[PDB]
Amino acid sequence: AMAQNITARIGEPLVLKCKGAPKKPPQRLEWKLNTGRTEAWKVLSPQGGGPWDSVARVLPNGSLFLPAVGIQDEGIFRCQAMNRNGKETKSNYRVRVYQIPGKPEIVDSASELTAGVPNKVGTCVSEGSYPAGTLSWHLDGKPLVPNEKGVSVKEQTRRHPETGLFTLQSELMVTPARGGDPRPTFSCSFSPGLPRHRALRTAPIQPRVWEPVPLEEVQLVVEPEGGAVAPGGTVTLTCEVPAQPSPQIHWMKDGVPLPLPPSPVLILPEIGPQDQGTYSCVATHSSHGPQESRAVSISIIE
């Protein structure tokens, strides 16, 4: 367009040329601007000690000088100049500013993820940006897209009135599928909205994925683990009901309750071929249907 887009870094000097203006007096040029400070079209006098002389000053060559540009300096800057020949020359600038935040961080990141359930992997944080910008995630070296799979992100943006800069937060939530990557690798990046800029990337994190064994209401454990023992000796059957303080445990052999009193443990010493068969325990309870543990096969080897 006619207006030239200017992109300046906050806190840095900026010079705007008044094109087609004589280097030395006499000059016939005038600056008109409209920024966040003025909230209106104002003429900027070339004389020293003006209302804005601490923020913007006209240079001897007609160029406009801002020693330390700020967010409030965003707006339109126009110079109208007559050459000495002399034809009217116009300069139209649209000034936008920016600040790059420090390297983003991942805070409160999880060392271990639990498969099958939502986990907060961590929260990416970015402080001191203008404009806001955006945070995104990477998984195993590739962009991680949200709301697919069981991957969700909670984002928020906060502006500091004290400086006008932004604080960004991105909380990553994943539900690891069973049989998946035992060590997923995540990283976070900040993408400036201005200017066009290479992303600022965090160091990667590599949480581990733990896959919990399916929890049975009635848990049976047999030593030895296999359920096979040489002739003689002993096999101990222990079974437990985690949700009950005083479980009543009745032992069964091949689907039939054994002629025994309730007991959490059943030891089978001096194992003979007659002692072979499928074993399990049944937890009974008042006002509730009984529950059975997993069935264990007990045999003998030669």
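For every residue, the number given is its place in the sequence shown, counted from 1.
The question of which stretch, 8-16 or 21-29, has the higher mean Cα B factor is settled in favour of 21-29.
Annotation for 65-73 versus 267-275: the higher mean temperature factor (C-alpha) is found in 267-275.
Of the residues listed, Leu165, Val229, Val107, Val117, the entry assigns the biggest Cα temperature factor to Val229.
Listed residues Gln156, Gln99, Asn147, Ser189 were ranked by CA B-factor as deposited; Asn147 comes out on top.
When all modelled residues of the chain are sorted by CA temperature factor, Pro224 is found within the highest third.
Among the modelled residues of the chain, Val235 sits in the highest third by CA temperature factor in this PDB entry.
Sort the modelled residues of the chain by CA B factor and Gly36 lands in the lowest third. In the PDB entry, a CA B factor belonging to the middle third of its chain's modelled residues is recorded for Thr175.
Ranked by C-alpha B-factor against the other modelled residues of its chain, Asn85 falls in the highest third.
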